[PDB]
Amino acid sequence: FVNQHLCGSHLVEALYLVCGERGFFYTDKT
Amino acid sequence: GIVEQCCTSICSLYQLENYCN
Ligand SMILES: Cc1cccc(O)c1
Ligand SMILES: [Cl-]
Ligand SMILES: [Zn+2]
C-alpha cells in the first residue's frame, strides 16, 4: 500500500497550502 | 475520492481546493 501512502503524504501538504485558514478534512473508508 | 482522483493522475492546486472546508 506504499505508493498510495506516499501520494497521501504529499496530498495533505498541498491541501494545507491551498486551503490556508479554511483547513480541510482528510478521511474515509474505502 | 481524492486518492483515486489525484494519486492516479496529477491534481493541480486548483483541483485540490475543491477539498478545502
Ligand atoms: C500535489 C499533489 C500531490 C499528490 C498527488 C497529486 O495529484 C498532487
Ligand atoms: Cl514520494
Ligand atoms: Zn515523497
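In order, the protein sequence lines correspond to chains B and A. According to the deposited numbering, the residues represented by the first sequence are 1 to 30, in order. According to the deposited numbering, the residues represented by the second sequence are 1 to 21, in order. Beta carbons are placed, not taken as given, at the ideal position from N, Cα and C, and that holds for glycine.
Would residue i pass as an interface residue toward chain B - the criterion being a Cβ-Cβ separation below 8 angstroms?
i	result
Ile10 of chain A	no
Step through the CB atoms of chain A and report whether any lies within less than 8 angstroms of the CB of residue i.
i	result
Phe1 of chain B	no
Compute the Euclidean distance between the alpha carbons of residue i and residue j, then round it to the nearest angstrom.
i	j	result
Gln5 of chain A	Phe24 of chain B	17 angstroms
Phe1 of chain B	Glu21 of chain B	31 angstroms
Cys20 of chain A	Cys19 of chain B	5 angstroms
For residue i versus residue j, is the C-beta spacing smaller than 8 angstroms?
i	j	result
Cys7 of chain A	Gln4 of chain B	yes
From what residue to what residue does the alpha helix (DSSP H) around residue i run?
i	result
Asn3 of chain B	2-19
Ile2 of chain A	2-6
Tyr14 of chain A	13-16
How should residue i be labelled, buried or exposed, when 16 other C-beta atoms within 10 angstroms of its C-beta is the threshold for buried?
i	result
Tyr26 of chain B	exposed
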